[PDB]
Every structure is written in C-alpha cells, then in structure tokens.
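Written below as structure tokens is the structure these notes are about.
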Amino acid sequence: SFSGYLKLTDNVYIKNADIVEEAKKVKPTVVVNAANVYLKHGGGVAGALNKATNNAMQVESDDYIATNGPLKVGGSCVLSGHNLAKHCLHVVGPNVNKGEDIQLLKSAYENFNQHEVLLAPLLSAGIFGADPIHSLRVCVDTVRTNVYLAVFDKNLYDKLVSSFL
Ligand SMILES: O=C(Nc1cnc2[nH]ncc2c1)c1ccncc1Cl
C-alpha cells in the first residue's frame with residue numbers, strides 16, 4: 001500500500017511526507033511514534049499523531065502509564081493505532097536535548113524488528129536533537145524488517161537522500 005518511496009536498501013524506504021497524512025492514507029498495520037518514557041505526546045511527531053486521534057492516543061497512554069509505569073529510553077510498547085493504523089508502536093529514542101545517551105538509538109531501532117512492516121519517523125531526530133543523518137545510518141544498520149520512513153522536512157529529506165552511503 002506504500003507509494004512514492006525511494007528505496008535505500010533491501011528493506012529501508014524513504015519519502016518526504018507528513019507521517020500523519022501518510023498514516024491516514026495507508027492505514028498501516030504499525031505506525032511508529034517518537035515517544036518519551038512518560039508517553040506525554042506534546043509536540044513533534046508524538047504531538048501531531050496524538051492530535052490526529054483527537055487526544056484518544058493520550059487518554060490510552062495515560063492509562064498505560066498508570067498501570068505500568070514509564071518506559072525505558074530505548075524501549076517501546078504496542079498500543080492502539082486509533083484512526084491512523086491498526087497499532088502504534090511507541091518507541092523511545094534518546095533525547096539529546098535532555099542529555100540522554102545517543103548509544104541507546106540502536107536499542108530503540110531494535111524494537112522495529114518485532115514487526116514485519118512499519119511506517120516510521122527517524123528516531124531521535126527533530127526535537128529529540130540527534131543528527132538525522134546518523135539516525136538513518138543506525139536505522140539501515142539495525143532494522144531488518146520493512147521500514148517506510150516519512151521525513152516531514154523537504155530540505156532534510158533531500159539532504160538525507162543525497163548524502164546516503
Ligand atoms: O500536525 C500535523 N502534522 C505534523 C506536525 N509536526 C510534525 N513534526 N513531525 C511530524 C509532524 C507532523 C498535522 C497535519 C495535518 N493533519 C493532521 C496533523 Cl496532526
């Protein structure tokens with residue numbers, strides 16, 4: 001169902017797209033959220049995905065945290081995808097702006113290997129403060145399942161493709 005993606009490797013694909021609009025169109029089995037440990041979906045990709053669910057993602061997430069406690073940096077949980085996907089895989093990449101360890105980015109991408117196909121953003125990019133070129137390199141070298149990356153910013157998309165090794 002994914003269309004218009006540039007193939008980077010055997011299993012990694014990329015497109016300049018808004019992941020909310022992509023999720024509404026494709027209705028994938030799994031959409032990845034760029035989550036934090038508290039599942040507080042305030043801004044970035046998480047704020048956008050939650051807004052698109054009319055805050056239902058945040059209501060479900062607050063119940064999950066009340067029962068289970070916070071996730072680990074590098075960890076994940078599977079929740080509903082609401083109106084966007086069958087499931088949302090909430091993945092916590094390190095937040096460099098909070099001083100978190102960038103070596104946890106590979107552990108974060110390992111969560112994707114539990115799902116055959118995913119629609120995802122680049123982990124730890126955007127407001128999480130990591131270099132998106134590094135994030136794409138770790139993604140290609142860690143994920144073995146089929147990943148469709150949506151990059152919101154056109155200028156960043158072009159730089160990611162042009163500099164891809
Ligand atoms: O907020 C939106 N997009 C958005 C914003 N900021 C982002 N950062 N990273 C991804 C992303 C996406 C939006 C646009 C159109 N329809 C629904 C929504 Cl919820």
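Count residues from 1 along the sequence.
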Side-chain contact test, heavy atoms from C-beta onward, threshold under 4.5 Å: evaluate it for [X] versus [Y] and give yes or no.
X: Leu119; Y: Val30; result: no
X: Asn33; Y: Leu89; result: no
X: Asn11; Y: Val143; result: yes
X: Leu84; Y: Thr53; result: yes
X: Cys139; Y: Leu149; result: yes
X: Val31; Y: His87; result: no
X: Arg137; Y: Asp141; result: yes
X: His41; Y: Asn36; result: no

Ignoring hydrogens, what is the shortest heavy-atom contact between [X] and [Y]? Give both atom names and the distance.
X: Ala17; Y: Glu22; result: CB-OE1, 4.0 Å
X: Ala35; Y: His90; result: CB-CB, 3.8 Å
X: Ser163; Y: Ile133; result: OG-CD1, 3.8 Å
X: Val37; Y: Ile65; result: O-CD1, 3.6 Å
X: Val147; Y: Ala120; result: CG2-CB, 4.0 Å
X: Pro132; Y: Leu156; result: CG-CD1, 3.4 Å

Give a yes or no on whether [X] atom [atom1] has more than 12 heavy-atom contacts from other residues, nucleotides or ligands under 6.0 Å away.
X: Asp10; atom1: CG; value: no
X: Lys98; atom1: NZ; value: yes
X: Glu21; atom1: CD; value: yes

Backbone of [Y] reached by a side-chain donor or acceptor of [X] within 3.5 Å:
X: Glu110; Y: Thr142; value: no
X: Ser135; Y: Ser124; value: no
X: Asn50; Y: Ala46; value: no
X: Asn95; Y: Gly129; value: no
X: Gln58; Y: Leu39; value: yes
X: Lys72; Y: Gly74; value: no
X: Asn111; Y: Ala108; value: yes
X: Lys25; Y: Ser1; value: no

[atom1] of [X] to [atom2] of [Y]: how many Å apart, nearest 0.5 Å?
X: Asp62; Y: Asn55; atom1: CG; atom2: CG; result: 8.0 Å
X: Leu79; Y: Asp63; atom1: CG; atom2: CG; result: 9.0 Å
X: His82; Y: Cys88; atom1: NE2; atom2: SG; result: 7.5 Å
X: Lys24; Y: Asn83; atom1: NZ; atom2: CG; result: 6.5 Å
X: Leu123; Y: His134; atom1: CG; atom2: NE2; result: 11.0 Å
X: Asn113; Y: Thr145; atom1: CG; atom2: OG1; result: 4.5 Å

Same hydrophobic cluster for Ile14 and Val140, using side-chain heavy-atom links shorter than 4.5 Å among ILVMFWY? yes

When you group the ILVMFWY residues by side-chain heavy-atom contacts below 4.5 Å and let the links chain together, are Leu160 and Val138 in the same group? yes

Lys159 bridged to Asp153 by N-O distance under 4.0 Å: no

Would you list the pairs meeting ring pair (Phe, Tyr, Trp, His ring centres under 6.0 Å) in which at least one residue belongs to residues 111-133, sequence neighbours left out? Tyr109-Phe112

Enumerate the residue pairs fulfilling ring pair (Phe, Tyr, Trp, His ring centres under 6.0 Å) with a member in residues 139-165, sequence neighbours excluded, ordered by first and then second residue. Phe2-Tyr148, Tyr5-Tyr148, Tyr13-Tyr148

Linking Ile, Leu, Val, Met, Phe, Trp and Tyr through side-chain heavy atoms less than 4.5 Å apart, which residues share a cluster with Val59? none

Given side chain to side chain contact (heavy atoms under 4.5 Å, CB included), test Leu122 with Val151 step by step and report yes or no. CA-CA 7 Å; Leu122 287 168; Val151 175; 4.2 Å; yes

For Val32, the option from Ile19, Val91, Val45, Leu49 that meets side-chain contact (heavy atoms from CB on, under 4.5 Å): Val91

